[PDB]
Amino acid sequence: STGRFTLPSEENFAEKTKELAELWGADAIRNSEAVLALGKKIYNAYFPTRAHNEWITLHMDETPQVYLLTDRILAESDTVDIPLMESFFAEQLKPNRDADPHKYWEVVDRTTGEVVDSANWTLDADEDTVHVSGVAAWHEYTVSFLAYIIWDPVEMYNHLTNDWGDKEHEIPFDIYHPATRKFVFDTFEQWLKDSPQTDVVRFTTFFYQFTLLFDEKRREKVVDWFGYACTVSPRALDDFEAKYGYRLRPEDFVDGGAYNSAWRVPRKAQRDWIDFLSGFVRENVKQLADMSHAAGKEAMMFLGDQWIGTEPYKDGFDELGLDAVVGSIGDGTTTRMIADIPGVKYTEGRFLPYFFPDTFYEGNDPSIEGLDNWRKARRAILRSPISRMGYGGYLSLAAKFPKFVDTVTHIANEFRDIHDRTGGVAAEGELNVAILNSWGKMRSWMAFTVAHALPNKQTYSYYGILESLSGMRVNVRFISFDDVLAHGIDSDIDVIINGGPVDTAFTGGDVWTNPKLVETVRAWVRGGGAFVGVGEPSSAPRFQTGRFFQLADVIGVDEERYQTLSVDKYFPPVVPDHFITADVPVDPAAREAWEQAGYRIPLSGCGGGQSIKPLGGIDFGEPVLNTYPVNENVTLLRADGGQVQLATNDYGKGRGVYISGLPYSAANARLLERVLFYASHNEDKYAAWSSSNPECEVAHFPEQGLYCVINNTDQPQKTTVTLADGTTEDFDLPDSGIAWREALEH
């Protein structure tokens, strides 16, 4: 067992490097001499838009820029003054005074939405303050302005996170401006000649940084891992106007203060900017990779930091001729974002923990996180294989941890053995599942994300859906409403999933008032399709007084919006024993207390049929208030506390399912998997290649005559696997184990 492993190294550490490389089977070492003689592939970081304060300080007007939105200021009379910077980090951001503020900025009456006239406001010469006159008392006002980014955001993040205190703040730069651009390509040509020992240029990353703004208290103020805020300049804006035939407003970037969060329903202006900026970016990335290839070296892209405008899931990404993409393995979902990228020769995972004093300190046990991280990646990898694993940081730190070092030895051999046994071919998927949202394929595995791998109270009930699926024995694609309006639903999809809050990219907004969309979905379901809706699926506010989820008729459930309180809701009896809930641990105490307290008897203005006490047993995450069954032919599987959390509904040949929320857990992934088989009328096809125990999952490889079963926990798991022919085999799986077995070839 050797290879597919990238080892970090450091100055004055050649013995241990040699030792570890032997131990872990490393065929590549990453940068940070007697080591260069070891024969390995050599990776070297490259930071195209920073690491040259000597230049940018002589061209400060070519730093990158961002539109920023001030706090709202209440006018208590016909004039108002607006500080521009009271709410931002001055070390990070500076108002751009060089470029005519009347041409490129916007004062706005947020109370009315109206743009204040240019003649009515002046920028103070001596203070970062705007004076407004001729305005309305008791309205709120804001300025939207261009600010130079005078400190690279991620280095800033690392500086503050590590308290580098004294150390010099690295200034970033923007190759949209041609002097700076030339600087960057000369510097890169030069560096290649000065680096013959390097084999892989590890671009970390490219030209534009994802939205990451900090406030006057040195905290994160705004972030979006997909954000295009930090991509502007007067010349880019003006070139945009000429190319697209309309002028973007600053509002098109600040977006009422939302800064175009990917959760926002996508506006045409947004996408145009992505088109514009991404073409500029893509052309220049291809240059870097051509130059790389001409120096005999490979080009590798970090999925992160300055990755904006690359758009790896959009078409043509392959025309870049990038060799590889490497990324942070945070979980299943983030593993899949990497794995699934097409148009590279190979993919690579930077696993956790980062070799750093934060997790490598005396008394802490890094191997727990090591294995847990591997376990979450491994389940995904069986569905979409990455090519290489590796670690990052100070190798000397991890060397002081014997147990960890042995843990890695284990993971490395396992990773290789999964690859050798499988041939790097993805497990067979038993069902075709499509996530449907406004973004589709360009945000594959990127839905519900805000900051990378950091779900929170607001997102985790939907993120749970992707996490569950990332490792699930199904084929997962991402499709858009434009996809559906334009081409219908491809005939191979078994299930369509639509989840999220109302008025988001992930439910779709007012596209649900488009009858053409509603027709396509209804016909497909009726004909045999399956629609799973989570949260407020198919929602459209105000369109129909008495109908919030437009496909309430398909999933059998709607959400009361305080418009329909005069209409009693009659809940049919909950069906607690069902295919879908088959694996939910039963709790005798809870079940008989729920049996004993009965259903509510009908009563005026209150409807009836609602369990007086909760059945529970399933974590559905954040509640959707007052969901109810549209009539009594819907099957209710959970309807606790006066509303619906899980329901199924027959709809001609097809079915729809409602689920209020789905945090990730071994149990909920089992629930979701069951919903998928049940809604697609594929109860029959469920048992083939499955683990009876939900803590484990099964991967079939028909062309290699194989199947494995994996333990997703750090505890022993016994499970019963069922093969296609009906036969079964028992298993006792150790802590994080795996087991292979034959099955007829094809």
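In case it trips you up, residue 1 is the first one in the sequence shown, and so on.
key: Residues with no coordinates between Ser32 and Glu33, taken from the deposited sequence as a class   = Some 4 to 9 residues are missing between them.
198-206 versus 656-664 - which carries the larger mean C-alpha B factor in the record = Stretch with the higher mean C-alpha B-factor: 198-206.
query = Hey, which bit's got the bigger mean C-alpha B factor in the entry, 534-542 or 422-430?
reply = Higher mean C-alpha B-factor in the PDB entry: 422-430.
ask   = Out of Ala295, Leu615, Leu436, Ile489, which residue has the highest Cα temperature factor in the PDB record?
value = Highest C-alpha B-factor among the listed options: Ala295.
query = Per the entry, which of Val254, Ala505, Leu637, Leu397 tops the list for Cα B factor?
reply = Largest recorded C-alpha B-factor: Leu397.
request  = Grab the CA temperature factor for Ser604 from the record and place it in the lowest, middle or highest third of its chain.
outcome  = Middle third of the chain for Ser604's C-alpha B-factor.
inquiry  = Quick check for you: using the entry's CA B-factors within this chain, is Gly598 in the lowest, middle or highest third?
reply    = According to the entry, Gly598 has a C-alpha B-factor in the chain's highest third.
inquiry  = Please say which third, lowest, middle or highest, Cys696 falls into when its CA temperature factor is compared across its chain.
reply    = Its C-alpha B-factor belongs to the middle third of this chain's values.
inquiry  = Please place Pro353 in the lowest, middle or highest third of its chain according to the CA B-factor in the PDB entry.
reply    = Middle third.
query = Within this chain, which third does the Cα B-factor at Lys268 fall in: lowest, middle or highest?
reply = Tercile = middle for this residue's CA B-factor.
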